[PDB]
Amino acid sequence: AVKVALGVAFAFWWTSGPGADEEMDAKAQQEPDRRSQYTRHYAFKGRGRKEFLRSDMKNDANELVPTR
Amino acid sequence: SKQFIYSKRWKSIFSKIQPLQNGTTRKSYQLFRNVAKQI
Amino acid sequence: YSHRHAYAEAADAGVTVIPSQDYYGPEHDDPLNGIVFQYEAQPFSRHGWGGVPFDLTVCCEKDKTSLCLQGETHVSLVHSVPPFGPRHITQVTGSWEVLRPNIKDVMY
Ligand SMILES: [Mg+2]
């Protein structure tokens, strides 16, 4: 009861900062998005294709077994 | 106030044998030389 | 439609299959359309002492309208390992892309 009153009362003061709309314009002015994670993909359709990064490839172990 | 000693017998032995007179002893020398230079 | 993806195993034949799905499927059906095949081997070995690691991957989607065919292959060749030398390995990769009737050219 006291906590949910004091948190909202502090939010009223902290949210009421000056200007408050130029930063909306600053954030929305960069309509190019944040840069997204790179994957190897095909040129025509963009399905992922397998990678040979050393820090992942150094953990891999395979073996050979006879067939039936 | 103000030296490398070598062995007579081993030097004679290793000078006595020859590689390079044919491909067989040459290839034996190549294989040994690769592994010996490694380890 | 869950009774269509419950099937008997076959256990093992060498290759692996996965189904490939699109982002917007049809409304009253399952969205998967294509099949990706994967194969992996080590051909020129004598008694389990192998030669030429090799693998291959093909995605195929075929219907009466379009055709998608992607493929990738890798071949690894080992020249020396220690103590016979240093570790010296070359690798050859090939890939191809066919997408009909959108593009009418193929990519190598
Ligand atoms: Mg596909």
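Per the deposited record, determination of this structure is attributed to cryo-EM, with the resolution reported as 2.50 Å.

**Observations regarding the pattern of salt bridges**
Between side chains of opposite charge, a pair can form as their charged atoms come close. Going through the model one piece at a time under the given rule, you end up with four salt bridges over all chains. In this structure, A:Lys45 and C:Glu61 form a salt bridge, with 2.9 Å as the shortest nitrogen-oxygen distance. With A:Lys45 in the loop between α2 (22-29) and α3 (54-57) and C:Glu61 in strand β3 (residues 54-62), this pair bridges two chains. You can call C:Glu61 buried: its relative accessible area is 15%. Its salt-bridge partner being C:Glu72, residue A:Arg49 comes within 2.9 Å of it at the nearest N-O pair. With A:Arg49 in the loop between α2 and α3 and C:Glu72 in strand β4 (residues 67-80), the pair connects residues from two separate chains.

**What to know about the interface of chain C and chain B**
On the side of chain B, four residues touch chain C, which itself brings five residues to the contact. Taken together, the two surfaces of chain C and chain B that pack against each other cover about 300 Å², and 62% of this comes from carbon and sulfur. Sorting the residues of chain C by area buried against chain B places C:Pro83, C:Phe84 and C:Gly85 first, and these three jointly supply 92% of that buried surface. Where chain C packs against chain B, one counts zero salt bridges.

**A word on the interface of chain C and chain A**
Contact with chain C, which involves 22 residues of that partner, is made by nine residues of chain A. Of the roughly 1400 Å² buried between chain C and chain A, counting both surfaces, carbon and sulfur atoms make up 55%. The three residues of chain C that bury the most area against chain A are C:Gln70, C:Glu72 and C:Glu97, which together make up 38% of that side's buried surface. Run the count over chain C and chain A and you get six residue pairs in polar contact. Contributing elements (two or more residues each) for the side of chain C that touches chain A: β3, β4 and β5 (88-100) of chain C. The element that contributes the greatest number of residues to the side of chain C that touches chain A is β5(C), accounting for six residues.

Procedures and definitions
Residues numbered from 1 in each chain as written, not as in the entry; some residues may be left out. Chains lettered and ligands numbered in written order. Part of a larger assembly, values for the part shown. Heavy atoms only, no water. Salt bridge = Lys/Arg side-chain N within 4 Å of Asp/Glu carboxyl O. Helix = DSSP H or I, 4+ residues; strand = E, 2+ residues; numbered from the N terminus. Buried < 20%, exposed > 50% of the residue type's maximum accessible area, 1.4 Å probe, protein only. Contact = heavy atoms within 4.5 Å. Buried area = accessible area lost by both parts, 1.4 Å probe. Polar contact = N/O pair within 3.5 Å; in protein donor to acceptor, adjacent residues only side chain to side chain.

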